[PDB]
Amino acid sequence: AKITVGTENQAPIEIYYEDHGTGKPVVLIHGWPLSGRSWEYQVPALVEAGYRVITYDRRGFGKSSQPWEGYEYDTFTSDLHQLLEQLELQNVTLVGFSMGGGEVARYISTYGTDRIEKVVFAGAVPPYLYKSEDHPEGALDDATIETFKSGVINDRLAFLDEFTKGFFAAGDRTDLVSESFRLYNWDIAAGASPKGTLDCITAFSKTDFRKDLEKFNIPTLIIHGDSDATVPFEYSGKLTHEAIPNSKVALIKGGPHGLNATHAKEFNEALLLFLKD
């Protein structure tokens, strides 16, 4: 229940995954800096609705290897390719949460749709989060990005504590998950690679997926919160929907970034409607 996806200095880089149930495959791709365990509220709904659910832990996160390099989307996407190939998956639905939307974007662009029936962008970073002189439309400027980087560099554990509180907060509303659930998530992020945790920030904030979204001509759903403080709908999900013909949008009212946990009922109803269609 590890996939070997490469080597670094001749040591295998191994990806931890879980593969549950019977049915068409739904591959769930977690956000930063969490793991496959962040999909707790989705897995049973999906299996009960007749799908086979695969989660995996991105390199550097969860129970996967912690290499020094490879923390960019070409490699992240190759890692996903090895998983789909090794499990011999067909008619797959790719569900990318937050930075996992990047693997989705790039997978279609690089490897095409032979194996892929449908895709879902859930609170996801495309089309391109960076705000700059060349891309004045985006959400995250250098200054904002540097704060994340400097937090991870100077006190990652305290920064993660703060980040996880905000991840499940919608505006003023900070009671959408229990303190135990928050701490649980903090601890999943605590164990991650410090290097991978840092490099991911650059990857998810500054990778431009616009060219990739062009190759999308399969059914596509955007699930997103209207109160997402990390990846604002107007700068991400809304534009991914507008980039992709025939895509559907489920804007969840009062949904924060971690809306798959906070608004599980609504998230799953939108996801399940989309899959059975």
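Residues carry their position along the shown sequence, with the first being 1.
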{"item": "Average Cα temperature factor in the PDB entry - higher stretch of 130-138, 192-200", "value": "130-138"}
{"item": "Comparing 235-243 with 26-34, the one whose average Cα B-factor in the PDB entry is higher", "value": "235-243"}
{"item": "Of the residues 75, 98, 185, 154, the one carrying the largest Cα B-factor as recorded", "value": "154"}
{"item": "Candidate set 158, 92, 124, 145 [ranked by C-alpha B-factor, highest]", "value": "145"}
{"item": "Entry-reported Cα temperature factor of residue 71, expressed as the chain third it lands in", "value": "lowest"}
{"item": "Residue 79 by Cα B-factor - lowest, middle or highest third of the modelled chain", "value": "lowest"}
{"item": "Position of residue 211 among the chain's modelled residues by C-alpha B-factor, lowest, middle or highest third", "value": "highest"}
{"item": "Residue 103 - which third its CA temperature factor falls in, relative to the rest of the chain", "value": "lowest"}
{"item": "CA B-factor ranking of residue 228, expressed as a third of its chain", "value": "highest"}
